[PDB]
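Right, one structure below, let's go through it.
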Amino acid sequence: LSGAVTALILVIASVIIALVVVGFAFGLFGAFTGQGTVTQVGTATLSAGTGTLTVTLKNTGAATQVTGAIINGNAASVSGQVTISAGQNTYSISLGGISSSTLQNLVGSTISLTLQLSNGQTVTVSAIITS
């Protein structure tokens, strides 16, 4: 009599476990699709006198936040409007840890930027240097 009881106990347990795994997979699907996608729209004028980006990031997910930036192969620090709101907006972020002598000489030229986002993906930014 033990064989049948064991069979049904294991069958019910397997049904429960399979349902749990399938539900977890679908929940992971939902979590990943709305994970937060951030891209660059338009240019990003960068000031050289003090250092203040004017990037225009368009995000279609969770309200993430920038955690850092890379300038000339150096780890910078970001302060300002650091909280990335949902929806396309004009953001005024301020960089840090750059000497105001190298960047000042490049007024009117273009460089390439990267923002260190909190959801694990970086965004490449093209910039115009301005006074």
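In the structure tokens, the first chain shown is A, the next is B, and so on; residue numbers restart at 1 for each chain, and ligands run from 1 in the order shown.
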**Prompt:** Within 9 Å of residue A:97, counting only C-alpha atoms, which residues qualify if same-chain residues fewer than 3 places away don't, as number ranges by chain?
**Reply:** A: 74-77
**Request:** Just the strand (DSSP E or B) stuff from chain A, please, per backbone DSSP, written as a PyMOL selection string.
**Result:** chain A and resi 38-40+44-47+57-59+65-70+75-76+79-80+83+93-94+110-117+122-130
Pull N, CA and C atoms from the residues just selected and write them as a CSV table (one decimal), in the first residue's frame.
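Below you can see again14.csv, which holds the result:
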chain,number,residue,atom,x,y,z
A,38,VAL,N,17.5,53.0,-20.5
A,38,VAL,CA,17.9,54.4,-20.6
A,38,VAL,C,18.7,54.6,-21.9
A,39,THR,N,18.4,55.6,-22.7
A,39,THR,CA,19.1,55.9,-23.9
A,39,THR,C,19.3,57.4,-24.0
A,40,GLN,N,20.2,57.9,-24.9
A,40,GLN,CA,20.5,59.3,-25.1
A,40,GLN,C,19.7,59.8,-26.3
A,44,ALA,N,24.5,66.7,-25.6
A,44,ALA,CA,24.6,67.0,-24.2
A,44,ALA,C,25.8,68.1,-24.1
A,45,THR,N,25.4,69.3,-24.0
A,45,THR,CA,26.4,70.4,-23.9
A,45,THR,C,27.0,70.3,-22.5
A,46,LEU,N,28.4,70.3,-22.5
A,46,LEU,CA,29.1,70.2,-21.2
A,46,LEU,C,29.9,71.5,-21.0
A,47,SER,N,29.7,72.1,-19.8
A,47,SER,CA,30.4,73.3,-19.5
A,47,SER,C,31.8,73.0,-19.0
A,57,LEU,N,18.3,62.4,-21.1
A,57,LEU,CA,18.1,61.0,-21.1
A,57,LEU,C,16.7,60.6,-21.1
A,58,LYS,N,16.4,59.6,-21.9
A,58,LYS,CA,15.0,59.1,-22.1
A,58,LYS,C,14.9,57.7,-21.5
A,59,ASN,N,14.2,57.5,-20.4
A,59,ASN,CA,14.1,56.2,-19.8
A,59,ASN,C,12.7,55.7,-19.8
A,65,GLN,N,19.1,55.8,-11.2
A,65,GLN,CA,19.9,57.0,-10.9
A,65,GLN,C,21.4,56.8,-11.3
A,66,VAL,N,22.0,57.8,-11.8
A,66,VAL,CA,23.4,57.7,-12.1
A,66,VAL,C,24.3,57.6,-10.9
A,67,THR,N,25.3,56.8,-10.9
A,67,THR,CA,26.2,56.6,-9.8
A,67,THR,C,27.6,57.1,-10.1
A,68,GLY,N,27.9,57.4,-11.3
A,68,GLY,CA,29.3,57.9,-11.6
A,68,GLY,C,29.4,58.2,-13.1
A,69,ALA,N,30.6,58.6,-13.5
A,69,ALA,CA,30.9,59.0,-14.9
A,69,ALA,C,32.3,58.8,-15.1
A,70,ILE,N,32.7,58.6,-16.4
A,70,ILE,CA,34.0,58.4,-16.8
A,70,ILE,C,34.4,59.5,-17.8
A,75,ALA,N,37.8,57.9,-13.0
A,75,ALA,CA,36.5,57.7,-12.2
A,75,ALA,C,36.1,59.1,-11.6
A,76,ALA,N,35.0,59.6,-12.1
A,76,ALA,CA,34.5,60.9,-11.6
A,76,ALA,C,33.4,60.6,-10.6
A,79,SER,N,27.1,64.8,-8.9
A,79,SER,CA,26.2,65.4,-7.9
A,79,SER,C,25.3,66.4,-8.7
A,80,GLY,N,24.0,66.5,-8.2
A,80,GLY,CA,23.1,67.4,-8.9
A,80,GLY,C,21.7,66.7,-9.0
A,83,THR,N,18.6,61.9,-9.6
A,83,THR,CA,17.5,60.9,-9.7
A,83,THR,C,16.9,61.0,-11.0
A,93,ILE,N,23.2,67.7,-14.7
A,93,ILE,CA,24.1,67.0,-13.7
A,93,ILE,C,25.4,67.7,-13.7
A,94,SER,N,26.1,67.6,-12.6
A,94,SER,CA,27.4,68.2,-12.3
A,94,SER,C,28.4,67.1,-12.1
A,110,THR,N,34.2,68.2,-29.5
A,110,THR,CA,33.3,67.1,-29.0
A,110,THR,C,34.1,66.0,-28.3
A,111,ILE,N,33.5,65.4,-27.3
A,111,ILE,CA,34.1,64.3,-26.6
A,111,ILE,C,33.0,63.2,-26.4
A,112,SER,N,33.3,62.1,-25.8
A,112,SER,CA,32.4,61.0,-25.5
A,112,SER,C,32.4,60.7,-24.0
A,113,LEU,N,31.1,60.6,-23.5
A,113,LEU,CA,30.9,60.4,-22.1
A,113,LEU,C,30.2,59.1,-21.8
A,114,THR,N,30.3,58.7,-20.6
A,114,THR,CA,29.5,57.5,-20.1
A,114,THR,C,29.0,57.8,-18.7
A,115,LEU,N,27.7,57.4,-18.5
A,115,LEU,CA,27.1,57.5,-17.2
A,115,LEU,C,26.9,56.2,-16.5
A,116,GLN,N,27.2,56.1,-15.2
A,116,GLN,CA,27.2,54.9,-14.5
A,116,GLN,C,25.9,54.7,-13.8
A,117,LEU,N,25.0,54.0,-14.4
A,117,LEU,CA,23.6,53.9,-13.9
A,117,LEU,C,23.5,52.9,-12.8
A,122,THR,N,25.4,51.0,-18.5
A,122,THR,CA,26.0,52.3,-18.8
A,122,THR,C,25.4,52.9,-20.0
A,123,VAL,N,25.3,54.2,-20.1
A,123,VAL,CA,24.8,54.9,-21.3
A,123,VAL,C,25.9,55.7,-21.9
A,124,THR,N,26.2,55.6,-23.2
A,124,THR,CA,27.2,56.4,-23.8
A,124,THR,C,26.6,57.7,-24.2
A,125,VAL,N,27.3,58.8,-24.0
A,125,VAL,CA,26.8,60.2,-24.2
A,125,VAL,C,27.8,60.9,-25.1
A,126,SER,N,27.3,61.5,-26.1
A,126,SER,CA,28.1,62.4,-27.0
A,126,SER,C,27.9,63.9,-26.5
A,127,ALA,N,28.9,64.6,-26.4
A,127,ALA,CA,28.9,66.0,-25.8
A,127,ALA,C,29.5,67.0,-26.6
A,128,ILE,N,29.0,68.2,-26.5
A,128,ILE,CA,29.6,69.4,-27.1
A,128,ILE,C,30.2,70.3,-25.9
A,129,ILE,N,31.5,70.6,-26.0
A,129,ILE,CA,32.1,71.4,-25.0
A,129,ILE,C,31.8,72.9,-25.2
A,130,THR,N,31.3,73.5,-24.1
A,130,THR,CA,31.0,74.9,-24.1
A,130,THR,C,31.5,75.6,-22.9
**Asked** For residue A:90, which of A:56, A:43, A:131, A:104 is the closest residue, counting only C-alpha atoms?
**Response**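 Answer, going by the shortest atom-to-atom distance: A:56.
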**Request:** Grab the atom CA of residue A:91 to atom CA of residue A:103 distance for me, in Å with one decimal place.
**Result:**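 For atom CA of residue A:91 relative to atom CA of residue A:103, the distance reads 20.9 Å.
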**Asked** For residue A:106, which residue among A:48, A:20, A:4, A:25 is the nearest when counting only C-alpha atoms?
**Response** A:48
**Message:** Please report the interatomic distance between atom CA of residue A:10 and atom CA of residue A:26 in Å with one decimal.
**Reply:**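 So the two atoms, atom CA of residue A:10 and atom CA of residue A:26, lie 24.2 Å apart.
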**Item:** Which of chain A DSSP labels alpha helix (DSSP H), written as a PyMOL selection string
**Value:** chain A and resi 2-33
**Item:** One-decimal distance in Å that lies between atom CA of residue A:96 and atom CA of residue A:78
**Value:**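 Separation between atom CA of residue A:78 and atom CA of residue A:96: 6.1 Å.
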